[PDB]
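K.L.:
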Amino acid sequence: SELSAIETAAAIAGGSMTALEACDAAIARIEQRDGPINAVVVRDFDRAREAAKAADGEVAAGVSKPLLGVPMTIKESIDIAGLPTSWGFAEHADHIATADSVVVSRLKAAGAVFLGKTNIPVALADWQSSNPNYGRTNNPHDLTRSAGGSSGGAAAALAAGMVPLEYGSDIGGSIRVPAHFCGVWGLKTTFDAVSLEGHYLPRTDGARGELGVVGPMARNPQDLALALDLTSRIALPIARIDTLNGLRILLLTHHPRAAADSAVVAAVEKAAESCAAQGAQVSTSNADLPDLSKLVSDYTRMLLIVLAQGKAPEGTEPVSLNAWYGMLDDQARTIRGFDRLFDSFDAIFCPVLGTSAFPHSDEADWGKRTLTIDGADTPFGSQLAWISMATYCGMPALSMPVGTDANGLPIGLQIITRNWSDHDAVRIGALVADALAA
């Protein structure tokens, strides 16, 4: 029942409230609600209110901008000038960013006001949000369960109504998974569509690596689309879809490399059937589908080199540059596989993860964790499979809410579309949400 980012900005423009009122309202929601959740772990309420007063001076001087005065937070790994950027490392608790990231600079240019930053796991390397600098973030829907990660505090802050807009990062599901666990909307954008300048490992300032993207998170698709138009390095193509009638969907509720709970499958299946009733052509199989089992292995191989920065454990020999160049050839061949697939389909519908939010785990080694799927214990890491298609091949991928499991925990749907059609993904998810309400 909270105002959206667009609605807030309209309110501030129309006279209904001052940016400073909106900024103190958000501070109030945060101080009153973040106690048991612990999502907004870096606070800048003092400078935020100064910037809000300023946003009020612009308003009264006749100025308008699409997010003027709108309070929001950002992920702790994205730089804001004057604020820490530790990525959850004790050794970098006091690393203080000198300059706004590009994404932050873009949104501040749209008039937004940054109240603070949201919690993350150590090294952005978990589907939870816990670290020694700030503590743990808890799912607002069940405080005993993970908020997801690594953008987990962002998803929790959105879910608890604290702010209307957020922005996150994803290399192994870290936008889509928190959005799914907390019941909010998250967009993994097309690879290279938004700049990662300011999303730096603490004390470094180099180049974007492969695979990872930044993308917006919110409670509705309109805010996502606005936030994407304001942050993309070039204006992206606009949405071609306007109706589910004739939309061509490929429904995947099975992965050769990971299981999915019945309640997740059923939630995803029901979303496709709602679209079919508004006229969609839902297929369950296609011979153009790339080998998803090979894809998961290529993705893993490359992921572990990227995250290691090509360095190797002492005793092991590193990957050669030429071998790396071969790995990008492989990646490139696979991407072309999805190009042919998307000649026959407008979207893939599949799960974000095989389960809804799991109980907090203090076990660092994914190999020692499990996940209950239909009563059985199943391997935890196996679930990267659901997340691999869009990261490895670079496609945009929405995570949107489509139901709740039997315990009341949110379940999300992953909507994948062709490279650079990020707005078509957000549009389809908006129409999916309509079809499910009708």
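Residue numbers for the sequence shown follow PDB author numbering, beginning at 2 and rising by one. In this text, a Cβ means the ideal position worked out from N, Cα and C, and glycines have one as well.
1. Since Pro397 and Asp423 are thought to touch, with beta carbons under 8 Å apart, how far apart are those beta carbons, to the nearest angstrom?
2. Compute the distance between the beta-carbons of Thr145 and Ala40, then report whether it is under 8 Å.
3. Take the Cβ of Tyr393 as the centre, count every other Cβ of all protein chains shown within 10 Å, and call the residue buried at 16 or more, exposed below.
4. Ordered along the chain, which non-local residues of its own chain (more than five positions away) have a Cβ less than 7 Å from that of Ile7?
5. Here's the rule I'm using: 16 or more other beta-carbon atoms within 10 Å means buried, otherwise exposed. How should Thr190 be labelled?
6. Quick test of the definition: if touching needs 3 or more C-beta pairs under 8 Å, does the region 26-35 touch the region 150-163?
7. Please report the distance separating the alpha-carbon of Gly136 from that of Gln279.
8. Going by the CB atoms, is the gap between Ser383 and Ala268 shorter than 8 Å?
9. Grouping DSSP H, G and I as helix and E and B as strand, with all else coil, what is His142?
10. How about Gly409 and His93: do their beta carbons lie closer than 8 Å?
11. Please report how far the alpha carbon of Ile38 lies from the alpha carbon of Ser275, in whole angstroms.
12. Can you have a look at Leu372 and say buried or exposed, based on whether 16 or more other CB atoms are within 10 angstroms of its CB?
13. For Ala219, is the beta carbon positioned less than 7 Å from some heavy atom of the ligand ADP?
14. Round the Cβ separation of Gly213 and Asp171 to the nearest angstrom and send it over; I've been treating them as touching at under 8 Å.
15. Can you give me the C-alpha to C-alpha distance between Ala324 and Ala194, rounded to a whole angstrom?
16. Tell me which same chain residues have a C-beta within less than 6 Å of the C-beta of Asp378, skipping the five on either side of it?
17. Take the Cβ of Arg337 as the centre, count every other Cβ of all protein chains shown within 10 Å, and call the residue buried at 16 or more, exposed below.
18. With DSSP as the reference, label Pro217 as helix, strand or coil.
19. Nearest to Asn134 by alpha carbon, out of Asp406, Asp95, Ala219, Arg48?
20. Going by other Cβ atoms of all chains shown within 10 Å of its Cβ, with 16 needed for buried, is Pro165 buried or exposed?
P.N.:
This is what the structure holds:
1. Position 396 of the sequence shown, counted from the start, is the residue given in the question as residue 397. Position 422 of the sequence shown, counted from the start, is the residue given in the question as residue 423. The pair is a contact, with the Cβ atoms about 4 Å apart (cut-off 8 Å).
2. Locating residue 145 in the sequence shown gives position 144, counting from the first residue. Locating residue 40 in the sequence shown gives position 39, counting from the first residue. It is not a contact, given that the beta carbons lie outside the stated cut-off.
3. Here residue 393 refers to the residue found at position 392 of the sequence shown. Classification of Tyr393: buried, given that the 10 Å Cβ count is 16 or more.
4. Reading the sequence shown from its first residue, position 6 is the one you call residue 7. Answer for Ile7: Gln223, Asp224, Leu227, listed in chain order.
5. As a first step, residue 190 must be located in the sequence shown, where it is residue number 189. With 16 or more other CB atoms across the displayed protein chains lying within 10 angstroms of its CB, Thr190 is buried.
6. Segments in contact, yes.
7. Position 135 of the sequence shown, counting from 1, holds the residue named residue 136. Position 278 of the sequence shown, counting from 1, holds the residue named residue 279. Roughly 45 Å between the two C-alpha positions.
8. Within the sequence shown, the letter at position 267 stands for residue 268. Within the sequence shown, the letter at position 382 stands for residue 383. Result no, Cβ atoms of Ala268 and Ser383 do not sit closer than 8 Å.
9. As a first step, residue 142 must be located in the sequence shown, where it is residue number 141. Residue state for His142 is assigned as coil, using DSSP reduced to three classes.
10. The residue you call residue 409 lines up with position 408 of the sequence shown. The residue you call residue 93 lines up with position 92 of the sequence shown. Cβ atoms of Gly409 and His93: not closer than 8 Å.
11. By one-based count along the sequence shown, residue 38 stands at place 37. By one-based count along the sequence shown, residue 275 stands at place 274. So the alpha carbons of these two residues sit roughly 34 Å apart.
12. Start at 1 with the first residue of the sequence shown, and residue 372 comes out as number 371. Buried, by the Cβ-count rule.
13. The ligand ADP is absent from the structure shown, which contains no ligands of any kind.
14. Within the sequence shown, residue 213 is the residue found at index 212, counting from 1. Within the sequence shown, residue 171 is the residue found at index 170, counting from 1. Confirmed, about 7 Å.
15. Against the sequence shown, residue 324 aligns to sequence position 323. Against the sequence shown, residue 194 aligns to sequence position 193. In a straight line, the C-alpha of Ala324 is about 26 Å away from that of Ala194.
16. Mapped onto the sequence shown, residue 378 falls at position 377. Residues of the same chain with a CB within less than 6 Å of the CB of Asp378, apart from the 5 flanking positions on each side, are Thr371 in chain order.
17. Within the sequence shown, the letter at position 336 stands for residue 337. Classification of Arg337: exposed, given that the 10 Å Cβ count is below 16.
18. On the sequence shown, position 216 is the one that residue 217 refers to. In the three-state reduction of the DSSP assignment, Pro217 falls in the strand class, which pools E and B.
19. By 1-based counting over the sequence shown, the position of residue 134 is 133. Nearest to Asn134 by alpha-carbon distance, out of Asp406, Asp95, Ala219, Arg48, is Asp95.
20. As a first step, residue 165 is located in the sequence shown; it is residue number 164 there, counting from the start. By the Cβ-count criterion, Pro165 is buried, with 16 or more other Cβ atoms from all chains shown falling within 10 Å of its own Cβ.
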